[PDB]
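Chemist: Pasting model11.cif below, which is mmCIF, C-alpha atoms and all ligand atoms.
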```cif
data_upload
#
loop_
_atom_site.group_PDB
_atom_site.id
_atom_site.type_symbol
_atom_site.label_atom_id
_atom_site.label_comp_id
_atom_site.auth_asym_id
_atom_site.auth_seq_id
_atom_site.Cartn_x
_atom_site.Cartn_y
_atom_site.Cartn_z
ATOM 1 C CA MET A 1 -0.896 -36.943 11.147
ATOM 2 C CA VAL A 2 0.258 -34.575 13.835
ATOM 3 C CA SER A 3 0.540 -30.813 13.524
ATOM 4 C CA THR A 4 3.999 -29.251 13.407
ATOM 5 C CA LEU A 5 2.228 -26.032 14.263
ATOM 6 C CA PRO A 6 2.610 -24.023 17.509
ATOM 7 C CA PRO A 7 0.323 -24.707 20.505
ATOM 8 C CA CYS A 8 -2.611 -22.548 21.482
ATOM 9 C CA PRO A 9 -1.581 -19.304 23.272
ATOM 10 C CA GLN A 10 -4.717 -19.855 25.302
ATOM 11 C CA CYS A 11 -4.649 -23.579 26.170
ATOM 12 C CA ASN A 12 -1.115 -24.801 25.289
ATOM 13 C CA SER A 13 -2.756 -28.224 24.983
ATOM 14 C CA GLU A 14 -1.256 -28.554 21.488
ATOM 15 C CA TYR A 15 -4.456 -29.971 20.136
ATOM 16 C CA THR A 16 -4.220 -27.394 17.397
ATOM 17 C CA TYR A 17 -4.574 -28.084 13.679
ATOM 18 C CA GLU A 18 -4.446 -26.174 10.412
ATOM 19 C CA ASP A 19 -7.785 -25.441 8.767
ATOM 20 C CA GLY A 20 -6.688 -23.687 5.607
ATOM 21 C CA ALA A 21 -4.672 -20.529 6.174
ATOM 22 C CA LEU A 22 -4.476 -20.431 9.964
ATOM 23 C CA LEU A 23 -4.508 -22.504 13.133
ATOM 24 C CA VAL A 24 -7.800 -23.434 14.787
ATOM 25 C CA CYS A 25 -8.068 -24.629 18.378
ATOM 26 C CA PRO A 26 -11.054 -26.999 18.653
ATOM 27 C CA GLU A 27 -10.628 -26.785 22.405
ATOM 28 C CA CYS A 28 -11.377 -23.159 23.306
ATOM 29 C CA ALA A 29 -13.323 -22.539 20.070
ATOM 30 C CA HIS A 30 -10.974 -19.848 18.801
ATOM 31 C CA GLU A 31 -8.999 -19.679 15.570
ATOM 32 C CA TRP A 32 -5.781 -17.668 15.329
ATOM 33 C CA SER A 33 -2.839 -17.085 13.031
ATOM 34 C CA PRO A 34 0.698 -17.427 14.494
ATOM 35 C CA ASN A 35 2.310 -14.426 12.845
ATOM 36 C CA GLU A 36 -0.727 -12.782 11.249
ATOM 37 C CA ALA A 37 -2.139 -12.243 14.759
ATOM 38 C CA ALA A 38 0.463 -9.493 15.025
ATOM 39 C CA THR A 39 -0.532 -8.308 11.547
ATOM 40 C CA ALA A 40 1.373 -5.999 9.212
ATOM 41 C CA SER A 41 0.648 -3.515 6.443
ATOM 42 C CA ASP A 42 0.636 -5.632 3.305
ATOM 43 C CA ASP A 43 -0.457 -4.522 -0.185
ATOM 44 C CA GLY A 44 1.602 -1.461 0.612
ATOM 45 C CA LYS A 45 3.282 -0.931 -2.747
ATOM 46 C CA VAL A 46 0.483 1.464 -3.634
ATOM 47 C CA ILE A 47 1.926 4.880 -4.457
ATOM 48 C CA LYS A 48 2.124 7.067 -1.346
ATOM 49 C CA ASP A 49 2.586 10.830 -1.274
ATOM 50 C CA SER A 50 4.898 13.028 0.796
ATOM 51 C CA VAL A 51 1.763 13.746 2.794
ATOM 52 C CA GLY A 52 1.736 10.216 4.077
ATOM 53 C CA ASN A 53 -1.444 9.430 2.211
ATOM 54 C CA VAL A 54 -2.158 6.827 -0.433
ATOM 55 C CA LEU A 55 -3.426 7.524 -3.946
ATOM 56 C CA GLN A 56 -5.926 5.768 -6.156
ATOM 57 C CA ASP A 57 -5.716 4.923 -9.857
ATOM 58 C CA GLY A 58 -7.853 7.768 -11.106
ATOM 59 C CA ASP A 59 -7.435 10.056 -8.111
ATOM 60 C CA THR A 60 -6.313 13.668 -8.353
ATOM 61 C CA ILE A 61 -2.778 14.610 -7.316
ATOM 62 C CA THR A 62 -0.927 17.845 -6.717
ATOM 63 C CA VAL A 63 2.828 18.360 -6.456
ATOM 64 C CA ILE A 64 3.613 20.126 -3.204
ATOM 65 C CA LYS A 65 7.069 21.317 -4.297
ATOM 66 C CA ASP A 66 8.810 23.164 -7.126
ATOM 67 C CA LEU A 67 9.598 20.388 -9.626
ATOM 68 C CA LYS A 68 11.112 21.105 -13.036
ATOM 69 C CA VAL A 69 10.444 19.080 -16.188
ATOM 70 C CA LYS A 70 13.611 18.211 -18.120
ATOM 71 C CA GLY A 71 12.324 17.657 -21.655
ATOM 72 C CA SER A 72 9.349 19.969 -21.455
ATOM 73 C CA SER A 73 9.131 23.751 -21.192
ATOM 74 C CA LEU A 74 6.759 23.257 -18.282
ATOM 75 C CA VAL A 75 7.832 23.785 -14.716
ATOM 76 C CA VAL A 76 5.888 21.862 -12.101
ATOM 77 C CA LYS A 77 4.793 24.177 -9.312
ATOM 78 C CA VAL A 78 3.366 23.431 -5.865
ATOM 79 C CA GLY A 79 -0.257 23.054 -6.948
ATOM 80 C CA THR A 80 0.312 21.325 -10.276
ATOM 81 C CA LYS A 81 -2.945 19.462 -10.626
ATOM 82 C CA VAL A 82 -2.749 16.134 -12.416
ATOM 83 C CA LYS A 83 -5.832 13.975 -12.077
ATOM 84 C CA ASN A 84 -6.708 10.412 -13.019
ATOM 85 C CA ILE A 85 -3.225 9.043 -12.288
ATOM 86 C CA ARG A 86 -2.038 5.484 -12.697
ATOM 87 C CA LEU A 87 -0.521 3.645 -9.746
ATOM 88 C CA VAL A 88 2.561 1.833 -10.977
ATOM 89 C CA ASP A 89 4.192 -1.264 -9.457
ATOM 90 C CA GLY A 90 6.671 0.666 -7.352
ATOM 91 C CA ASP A 91 5.483 2.858 -4.472
ATOM 92 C CA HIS A 92 7.827 5.522 -5.850
ATOM 93 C CA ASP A 93 5.910 5.779 -9.123
ATOM 94 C CA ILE A 94 2.960 7.857 -10.262
ATOM 95 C CA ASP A 95 2.134 7.477 -13.898
ATOM 96 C CA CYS A 96 0.211 10.369 -15.343
ATOM 97 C CA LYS A 97 -0.819 11.795 -18.677
ATOM 98 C CA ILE A 98 -0.730 15.524 -19.193
ATOM 99 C CA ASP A 99 -2.617 17.350 -21.936
ATOM 100 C CA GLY A 100 -0.079 19.118 -24.105
ATOM 101 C CA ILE A 101 3.380 17.749 -23.383
ATOM 102 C CA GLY A 102 2.366 14.131 -22.889
ATOM 103 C CA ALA A 103 2.807 11.464 -20.237
ATOM 104 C CA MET A 104 5.153 11.952 -17.281
ATOM 105 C CA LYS A 105 6.328 10.177 -14.139
ATOM 106 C CA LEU A 106 6.178 11.819 -10.725
ATOM 107 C CA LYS A 107 8.146 11.358 -7.544
ATOM 108 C CA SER A 108 5.825 10.218 -4.775
ATOM 109 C CA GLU A 109 7.866 12.254 -2.312
ATOM 110 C CA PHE A 110 7.027 15.433 -4.200
ATOM 111 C CA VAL A 111 3.323 14.816 -4.828
ATOM 112 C CA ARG A 112 0.110 14.854 -2.808
ATOM 113 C CA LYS A 113 -3.391 13.459 -2.951
ATOM 114 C CA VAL A 114 -5.547 16.570 -3.438
ATOM 115 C CA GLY A 115 -8.553 15.158 -1.622
ATOM 116 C CA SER A 116 -11.046 15.582 -4.421
HETATM 117 ZN ZN ZN A 201 -7.232 -23.053 22.783
#
```
Now, as a test, write the supplied structure out as structure tokens.
Modeler:
Amino acid sequence: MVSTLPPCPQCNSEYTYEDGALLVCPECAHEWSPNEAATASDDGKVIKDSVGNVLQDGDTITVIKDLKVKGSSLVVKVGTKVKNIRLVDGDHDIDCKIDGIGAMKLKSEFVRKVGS
């Protein structure tokens, strides 16, 4: 019947309760979350480039380094435009399909969101 939750960092009265996914203090009329008040970057497994930017499933990318292709005759050059990518589960994973050779996987650390 009693809350095992922390007090209120504003009242310390301890008359705090849990209303769903956080703690609400009915005293000072302010809800707060113990750890989430600090907040962190979650949903961050989205594929990020060496530019420090985040891509979108369908966005246009461009390798910013000289990358070879092992099974294909193609060599990936700084400016290799591959659009409409697929964001895979791992942040180190850009799935892309390339007219001609086929589908390929790209190292996030070697690619970049074009900006278009
Ligand atoms: Zn309070």
Chemist: Taking a cut-off of 8 Å and counting all atoms listed in the file, can you build a table that, for each residue of chain A near ligand ZN 201 (chain A), reports the nearest atom pair and how far apart they are in Å (one decimal), sorted by chain then residue number, as CSV?
Modeler:
```
residue,atom,partner,partner_atom,distance
A:8,CA,A:ZN201,ZN,4.8
A:9,CA,A:ZN201,ZN,6.8
A:10,CA,A:ZN201,ZN,4.8
A:11,CA,A:ZN201,ZN,4.3
A:12,CA,A:ZN201,ZN,6.8
A:13,CA,A:ZN201,ZN,7.2
A:15,CA,A:ZN201,ZN,7.9
A:16,CA,A:ZN201,ZN,7.5
A:25,CA,A:ZN201,ZN,4.8
A:26,CA,A:ZN201,ZN,6.9
A:27,CA,A:ZN201,ZN,5.1
A:28,CA,A:ZN201,ZN,4.2
A:29,CA,A:ZN201,ZN,6.7
A:30,CA,A:ZN201,ZN,6.3
```
Chemist: Take the PyMOL selection byres (((chain A and resi 67-80) around 9) and not hetatm), run it mentally on this structure, and tell me the resulting residues as a VMD selection string.
Modeler: chain A and resid 61 to 66 81 to 82 101 104 110 to 111
Chemist: One decimal, Å: what's the distance from atom CA of residue 19 of chain A over to atom CA of residue 37 of chain A, could you say?
Modeler: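 If I compute the distance from atom CA of residue 19 of chain A to atom CA of residue 37 of chain A, I get 15.6 Å.
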Chemist: Within 10 Å of (-7.4, 14.1, -1.0), in the coordinates the file gives, what residues turn up when you count all atoms listed in the file, written out as a compact mmCIF listing (two decimals) with C-alpha atoms, in the coordinates of the input?
Modeler:
```
# COMPACT_ATOMS: atom_id res chain seq x y z
CA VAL A 51 1.76 13.75 2.79
CA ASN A 53 -1.44 9.43 2.21
CA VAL A 54 -2.16 6.83 -0.43
CA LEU A 55 -3.43 7.52 -3.95
CA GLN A 56 -5.93 5.77 -6.16
CA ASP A 59 -7.44 10.06 -8.11
CA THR A 60 -6.31 13.67 -8.35
CA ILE A 61 -2.78 14.61 -7.32
CA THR A 62 -0.93 17.84 -6.72
CA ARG A 112 0.11 14.85 -2.81
CA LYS A 113 -3.39 13.46 -2.95
CA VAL A 114 -5.55 16.57 -3.44
CA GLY A 115 -8.55 15.16 -1.62
CA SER A 116 -11.05 15.58 -4.42
```
Chemist: Which one is closest to residue 93 of chain A: A:23, A:38, A:5, A:47? Count all atoms listed in the file.
Modeler: A:47
Chemist: Each side padded by 4 Å, which centre and which edge lengths in Å (one decimal) define the axis-aligned box around the listed atoms of segment 55-70 of chain A? Give them as JSON.
Modeler:
```
{"center_x": 2.9, "center_y": 14.0, "center_z": -10.7, "size_x": 29.5, "size_y": 26.2, "size_z": 22.9}
```
Chemist: In Å, rounded to a single decimal, give me how far atom CA of residue 48 of chain A is from atom CA of residue 91 of chain A.
Modeler: 6.2 Å
Chemist: Running the PyMOL selection byres (((chain A and resi 86) around 10) and not hetatm) on this model by hand, what would come out? Give it as a PyMOL selection string.
Modeler: chain A and resi 47+55-59+83-85+87-89+93-97+105
